[PDB]
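**Q** Okay, here's the structure, questions in a sec.
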Protein chains: 4
Amino acid sequence: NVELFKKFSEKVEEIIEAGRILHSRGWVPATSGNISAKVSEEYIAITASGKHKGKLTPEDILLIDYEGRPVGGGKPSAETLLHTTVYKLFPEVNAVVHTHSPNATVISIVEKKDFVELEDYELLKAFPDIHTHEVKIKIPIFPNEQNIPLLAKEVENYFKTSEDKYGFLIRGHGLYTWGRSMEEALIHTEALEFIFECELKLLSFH
Amino acid sequence: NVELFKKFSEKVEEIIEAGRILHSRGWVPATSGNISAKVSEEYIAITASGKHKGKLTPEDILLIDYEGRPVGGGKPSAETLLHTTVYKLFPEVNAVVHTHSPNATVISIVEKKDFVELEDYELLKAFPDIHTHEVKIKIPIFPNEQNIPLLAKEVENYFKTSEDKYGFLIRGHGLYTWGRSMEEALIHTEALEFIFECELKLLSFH
Amino acid sequence: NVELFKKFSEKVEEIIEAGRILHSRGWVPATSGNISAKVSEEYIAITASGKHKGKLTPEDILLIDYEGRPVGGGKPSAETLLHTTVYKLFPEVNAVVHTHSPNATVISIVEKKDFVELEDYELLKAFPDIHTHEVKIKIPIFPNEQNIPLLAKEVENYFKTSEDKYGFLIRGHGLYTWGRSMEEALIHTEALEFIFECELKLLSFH
Amino acid sequence: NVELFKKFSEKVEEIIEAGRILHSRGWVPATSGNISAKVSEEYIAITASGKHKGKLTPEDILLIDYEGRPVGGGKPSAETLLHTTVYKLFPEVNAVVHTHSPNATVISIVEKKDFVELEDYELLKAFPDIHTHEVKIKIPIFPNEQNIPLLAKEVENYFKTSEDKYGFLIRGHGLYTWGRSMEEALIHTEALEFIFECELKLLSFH
Ligand SMILES: [Cl-]
Ligand SMILES: [Cl-]
Ligand SMILES: [Cl-]
Ligand SMILES: [Cl-]
């Protein structure tokens with residue numbers, strides 16, 4: 001079976017910790033959000049969807065394949081499909097974080113354009129990874145597509161053709177980001193959650 | 001006397017902890033709110049109304065009957081009647097939480113409709129209990145009925161005939177939720193408090 | 001010299017703790033606010049005005065008389081006069097807390113009427129002391145009177161003739177409350193700070 | 001080499017702590033902001049720009065000269081130039097703090113005038129250092145000048161000719177303050193961040 005058990009357990013502890021941190025920020029209320037971490041080139045560790053991310057225990061962490069399918073046999077879910085999609089788009093990514101903050105939810109409902117943009121040299125330093133011809137951090141907003149494979153399709157199309165790879169928003173579902181490490185993903189989450197705060201606060205005088 | 005003393009003491013510790021958690025969220029300011037836990041099919045443990053939920057001690061926890069009456073003889077109160085009402089409506093419920101957050105209070109005053117609604121698949125996972133023909137989490141708002149038995153009446157009528165059983169709001173009094181366990185009730189409280197946040201924030205641009 | 005030293009030291013520790021609690025709430029930013037505690041019928045312990053209430057040490061606590069004068073000889077200050085005023089109005093009061101929250105400051109500037117009112121049975125339980133013919137918690141707002149003795153005069157007149165004795169606001173200076181114990185004062189502060197939150201939030205849609 | 005190593009290490013620990021405090025306030029999200037401390041009349045310790053101020057370790061602290069140049073040879077940066085500028089303007093200053101809060105960022109975008117003002121006797125006590133003919137705490141706003149030496153020029157001109165020396169804002173970059181000690185700088189930061197809160201909240205009803 002190899003040393004998967006070793007890496008899996010490490011990701012379990014990594015995810016439980018990430019969950020306590022997210023919760024302390026008010027970004028994963030009452031079961032919303034989800035967290036995943038790369039176990040190996042064949043398996044991913046992902047938080048069970050109905051569990052509160054702020055009180056995880058080993059039993060709440062599931063092991064799936066790059067097809068979003070649960071190793072112990074099963075059918076993929078929207079969340080499981082969406083994470084694997086991220087892993088496939090960015091081979092360097094080892095962690096995916098989905099938050100569901102009040103600001104993200106609200107922005108998902110009032111933003112008329114299909115993206116949120118800000119331009120913050122200050123915040124760019126959080127994405128030393130991304131090289132682009134712009135200085136504006138951009139966050140694409142995807143529709144609440146009930147058709148999962150199509151939603152995935154649009155996300156792939158966007159990121160395959162876009163220089164910016166900060167994260168994305170799915171209206172009525174929440175924010176998604178990722179990183180080469182859980183630390184990098186959390187940092188990205190914070191950066192984006194910050195933008196959502198400014199974006200709205202602006203639209204409280206506009 | 002049986003092992004009531006055993007269960008009572010466990011609920012005391014459960015309630016004091018729930019109170020510290022609620023307070024840390026700013027949901028039980030200066031004595032507002034109240035917490036109750038099922039001791040047995042004949043008794044309920046409830047927080048004394050004039051005590052700060054964030055600094056409870058065993059002496060602040062009262063023992064009442066399913067009639068809202070204080071075991072040591074006494075006359076029921078509005079709060080005591082309202083909780084027992086919840087216990088009677090839902091036999092599976094073992095804990096009731098009443099919060100009084102700034103958002104809930106405000107919503108109690110500005111919402112024109114008699115309910116708050118949102119629709120959040122994400123948040124629905126917090127109510128694995130409820131099965132309905134809708135995807136919108138709904139929260140009924142009841143009037144500041146001075147006539148307690150009538151208020152109770154309306155709450156009973158609503159929930160006896162409604163598929164949704166998330167919680168309810170009493171204008172000028174606060175939010176009410178419940179769960180099969182204190183943990184489940186707290187999680188529900190968070191989910192609903194989240195909706196109140198988005199609801200208002202929306203109405204800051206509408 | 002008696003056992004003043006005993007009581008003084010107890011109030012020192014009481015005040016330092018009250019200060020850490022206030023600061024954690026964001027109610028005493030950068031030196032604003034002040035805290036006082038009754039040492040005896042002849043002396044009061046009060047926090048030095050230029051010290052940050054969230055990092056007090058014994059050296060930051062001053063001992064004054066019921067005349068606001070610093071025992072070691074000196075001339076009274078506005079703050080010292082205002083607290084002694086409170087102590088004189090309410091003989092049962094042993095602690096006075098002055099906070100300076102963003103909400104209080106803002107309310108001090110936008111409220112057109114000379115008082116803030118709310119009516120919250122829920123919050124009334126925080127003032128088991130006050131008996132009145134009303135159900136609305138009321139907070140009088142006094143002008144930024146440069147003439148200290150006149151400001152004091154108006155405060156005395158108000159409370160000598162008013163049934164409500166929750167606390168008061170001095171525009172451009174901050175909120176004031178008190179209690180038979182520091183715990184009671186802090187609880188009152190929270191109750192009033194809560195009202196300031198709702199009051200404004202309302203005026204974000206009105 | 002002298003005892004620089006002694007002082008440097010002390011500033012390292014001072015800066016890491018300041019960073020944890022700033023982060024807990026939500027003022028240095030995802031790498032934004034920066035912190036510096038005077039090591040000697042020839043060297044300054046400054047936080048690396050791309051590191052998260054809330055998770056600093058000795059390796060993230062750089063040593064530069066009063067010319068903003070990195071001792072180990074290198075070319076100055078905007079941040080490094082801006083801090084040294086502050087150190088040169090105020091010889092008593094031993095610490096510089098740059099925050100990047102949601103409020104500061106937002107204010108940087110909506111404030112039409114080139115400064116923010118408030119007038120708060122209460123807050124003035126936080127600046128026992130500054131003597132002026134006014135009672136209003138003033139914060140000058142400088143443009144997002146890509147031309148660094150010119151930005152520096154304007155900042156110097158302002159403070160060389162202004163009685164107020166509370167701090168300043170660079171649109172799209174963040175708030176800057178300083179103090180004779182890190183504690184004094186943090187206190188100033190809080191005072192200014194408070195004003196930004198009130199300023200906006202006002203402009204939510206104006
Ligand atoms: Cl807003
Ligand atoms: Cl709002
Ligand atoms: Cl507001
Ligand atoms: Cl606002």
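The chains in the structure tokens are called A, B, ... from first to last as shown; in each chain the residues are counted from 1, and the ligands are counted from 1 in the order shown.
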Quick one: which chain A residues come within 6 Å of chain B, and what is the nearest atom pair for each with the distance in Å to one decimal, counting only C-alpha atoms, rows ordered by chain and ascending number, as CSV?
**A**
residue,atom,partner,partner_atom,distance
A:30,CA,B:191,CA,5.3
A:31,CA,B:126,CA,5.7
A:32,CA,B:122,CA,5.0
A:50,CA,B:125,CA,5.3
A:102,CA,B:198,CA,5.7
A:106,CA,B:198,CA,6.0
**Q** Env of residue 56 in chain C: 9 Å cut, atoms = only C-alpha atoms, seq-sep filter 5 positions within chain, self excluded. Answer as a PyMOL selection string.
**A** chain C and resi 15-17+19-20+47+51+61
**Q** Which polymer residues have any atom within 6 Å of an atom of residue 68 in chain A, counting only C-alpha atoms, with same-chain residues fewer than 6 positions away left out, as number ranges by chain?
**A** A: 76, 80-81, 84
**Q** Mind writing the picked residues with C-alpha atoms as a compact mmCIF listing (two decimals), in the first residue's frame?
**A**
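What landed in result.txt:
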# COMPACT_ATOMS: atom_id res chain seq x y z
CA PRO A 76 -18.54 11.91 -7.62
CA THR A 80 -15.40 16.61 -5.38
CA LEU A 81 -15.56 17.28 -9.12
CA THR A 84 -10.19 17.67 -8.88
**Q** Compile the contact shell of residue 154 in chain B as a PyMOL selection string: residues with an atom at most 10 Å away, counting only C-alpha atoms, same-chain residues fewer than 4 positions apart removed.
**A** chain B and resi 142-143+145+148-150+158-160
**Q** Save the residues we just selected, N, CA and C atoms, as a compact mmCIF listing (two decimals), in the first residue's frame?
**A**
# COMPACT_ATOMS: atom_id res chain seq x y z
N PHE B 142 -42.44 36.19 13.82
CA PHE B 142 -43.67 36.32 14.59
C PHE B 142 -43.67 37.69 15.26
N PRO B 143 -44.86 38.28 15.44
CA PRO B 143 -45.03 39.59 16.06
C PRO B 143 -44.67 39.58 17.54
N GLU B 145 -46.04 39.66 20.11
CA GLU B 145 -47.27 39.35 20.82
C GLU B 145 -47.15 39.33 22.33
N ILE B 148 -48.74 35.90 25.35
CA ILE B 148 -47.88 34.72 25.24
C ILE B 148 -48.52 33.45 24.68
N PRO B 149 -49.65 33.02 25.25
CA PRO B 149 -50.29 31.80 24.74
C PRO B 149 -50.69 31.89 23.26
N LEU B 150 -50.93 33.10 22.79
CA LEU B 150 -51.30 33.30 21.39
C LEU B 150 -50.04 33.23 20.54
N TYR B 158 -47.69 27.42 12.74
CA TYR B 158 -46.71 27.53 11.68
C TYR B 158 -45.94 26.22 11.48
N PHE B 159 -45.23 25.79 12.51
CA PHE B 159 -44.43 24.58 12.43
C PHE B 159 -45.17 23.26 12.29
N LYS B 160 -46.42 23.22 12.73
CA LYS B 160 -47.20 22.00 12.59
C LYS B 160 -47.57 21.84 11.12
**Q** For residue 95 in chain A, please output as a list in words all residues within 8 Å (counting only C-alpha atoms; exclusion window: fewer than 5 positions along the same chain).
**A** residues 35, 36, 37, 38, 178, 179, 180, 181, 182 and 185 of chain A
